[PDB]
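Only one chain is included here, represented as C-alpha cells and corresponding to the form deposited in one PDB entry.
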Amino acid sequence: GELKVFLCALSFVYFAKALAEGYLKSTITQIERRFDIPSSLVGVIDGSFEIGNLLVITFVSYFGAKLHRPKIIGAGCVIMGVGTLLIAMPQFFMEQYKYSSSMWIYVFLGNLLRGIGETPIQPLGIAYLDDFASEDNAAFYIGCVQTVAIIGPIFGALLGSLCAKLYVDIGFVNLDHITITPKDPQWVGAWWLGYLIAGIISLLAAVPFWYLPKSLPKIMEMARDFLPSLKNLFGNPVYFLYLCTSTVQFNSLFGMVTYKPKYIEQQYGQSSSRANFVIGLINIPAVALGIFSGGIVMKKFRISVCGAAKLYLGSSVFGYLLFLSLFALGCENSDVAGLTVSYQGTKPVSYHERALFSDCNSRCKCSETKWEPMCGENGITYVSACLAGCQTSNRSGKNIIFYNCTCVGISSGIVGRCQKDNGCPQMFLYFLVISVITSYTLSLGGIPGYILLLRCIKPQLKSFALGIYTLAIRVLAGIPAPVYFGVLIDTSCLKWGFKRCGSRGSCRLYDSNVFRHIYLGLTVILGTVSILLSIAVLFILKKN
C-alpha cells in the first residue's frame, strides 16, 4: 500500500529529474545555431551542477539515513524545482530579442541549486525502497526506478525540440509582427518555457512526500560515527571491489556512449540527424529494456547474491564479447584529396605529405580554414570548391553544380560528401544491430549490480553506501571518461574546424582506421578490466 505509493512518487521524481536534465542537454545543444557560445560557458554551466551535487551528496546520504527520508527527498525535489525555475529567469529580465555580463549568474545559481537538490533522490530513495520491501521485490522496484530514470531524457529532448519550434518572445510580443522562420538562421527558440515546465513538474513531484510515513512495518552521534562507518564500508571487500568494478565499467560505458554518435558520423558517413536519431531513440530504449529485464529476472527466479554476481559477470562478458565484433564492421576512409589521398588519386598518403595546395588549384587563392564538402564525377571528395579548380557554379533545383574544375579532370561535381560505395551501409546495418544487442546485454546487469551493492553491507549503512557509489560514478567515471576519450580521439583528427572568433571547433574529418581502433580498443580494455574485477568479486563472494 504505502510502499507502492512511495514507489510511484519516486518514479515520478526520477522522471521529472531526467526530463529536466534531458531538456537542459537538448536546449544547450540546439541554441548553437544562433548564439555562438564559448566552449567555456557551456562547460561551467555543466560543472556548477557537478560541484553542487558532489559537495553535499555524501553529507545528505549519511546524515539523512536515520532522519525523515521522504521529507528530505521532498525538500530536495523542491530545491530542484526552484533551481530549474531560476534557470529561466534571464528571459523575463533581458530585453526583447532583436534581429557574458551580469546575466549568467542566474543560470549558474539555478544549476547549482538543482545539483544540490538532486542529491537526496537516489541514495535515500533507493535505501528506503530496499529497507521496507521484500527481498524479491526490491530488485524489481529498483529496476522500475532505473528504467524510468533512463527513459526520462528522451522526453526531455522531445520537450526541447517542441520548445525550440516556438518563438522566443511568445506571450511577451505579438507574433503577427514576427516575419522570421525557424529555417532562417537568426531564429532562436523559447528555451525558457521548457525550464518553467520542468520546474513546475519538479515542484509538483514533491507533494506526495509530505504525506509518507517515516518508516514502514542525535546529529553529534552521527558526526562521531561517520569515520567508523567509512572504515566499515571500505573494510568490506565485496563493496570495495564492486565499487571498483562499477567505476571501471562506467568509465567504459560513458566513453562508448558519448562518442558513439560521432563514431557513426565519421565511420559510416551518416548525417547528424541520422546518428542522433539512432542513438537517442534506439540505444536508450535498449538500455531501459535491459535494466527492466535484469530487474524482472532477479525478481521472478528469486536470484540470490551469488546468482546476482554471476549474472553481472555473464552480462558484462557477453556484452563486451559482442562489442569486440565491431572491429570487423568498419568502413575505409572516404577518398578526400589532400588529407587521405593526393590530388593524383594515390592511395593513403603519409602525414608529412599533406598537399591542400596543389598545382591544379595553384591559380586559386583559397582559405585553409573553411570546410565546405564537395566531390566531382571522379568520386574524390575535395575540401572546398575553391581547391577543386572550379570556375562557374550553377544552381539547379535544390543542388549546386560546379563546372570547369581543373583538379577533378586530372569536370562537374556536387556539393557535400558523396556516399561510400563499397558496401558501407551494409556494414552500418550490422553495426547498428550489434550495438543494440550489446547495449541491451550490458544494461541487463544493472540491477544485479545494485543487489550486490546492498546485500553485502550492514543495513544501517545502505544510504551512506549508495551515495558514495554515486560519488564514485561522477568523480571517477562520469567526469573523466568523456575527457580523455575525446583527447585520444582527437589525436586522429586530420582537418580541424574553426569558430567565428578563431578558436578551433569540432574536428571535421578523422582518420577512420585510427578513430575506430582507439574508440573500440579503449572501451574493450576497460571492459576487460571490469570483467577481471567482477571475477574477483565472484570469487570473494564464493569464499564467504
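Start at 1 with the first residue shown and count on from there.
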Open item on the list: Are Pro217 and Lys218 truly consecutive in the deposited sequence, or are residues between them missing coordinates? Give the number as none, 1 to 3, 4 to 9, or 10 or more.
Closed with: 10 or more
Task: Extent of unmodelled deposited sequence, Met94 relative to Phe93 - done: none
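One more form of this protein should be noted, the form deposited with a small molecule bound, which is absent from this view; the next part is about it.
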Task: Distance check, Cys407 to the small molecule in the deposited complex, heavy atom within 4.5 Å - done: no
Open item on the list: Can you tell me whether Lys260 touches the small molecule? I mean in the deposited complex, with a 4.5 angstroms heavy atom cut-off.
Closed with: yes
Task: in the deposited complex, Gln267 touching the small molecule (heavy atom, 4.5 Å) - done: no
Open item on the list: With the partner left out here, check for me: in the deposited complex, does some heavy atom of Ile296 sit within 4.5 Å of the small molecule?
Closed with: no
Task: One stretch from 231-239, 364-372, 345-353, 252-260 that, in the deposited complex, holds residues within 4.5 Å of the small molecule by heavy atom - done: 252-260
TODO: Establish, in the deposited complex, whether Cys8, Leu129 and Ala133 all lie within 4.5 Å of the small molecule, using non-hydrogen atoms for the distance.
DONE: no
- [ ] Heavy atom within 4.5 Å of the small molecule in the deposited complex: which of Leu124, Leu442, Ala138, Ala206 fits that? Just give me the one.
- [x] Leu442
Open item on the list: Please identify the residue among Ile150, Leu326, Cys456, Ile72 with any heavy atom within 4.5 Å of the small molecule in the deposited complex.
Closed with: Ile150
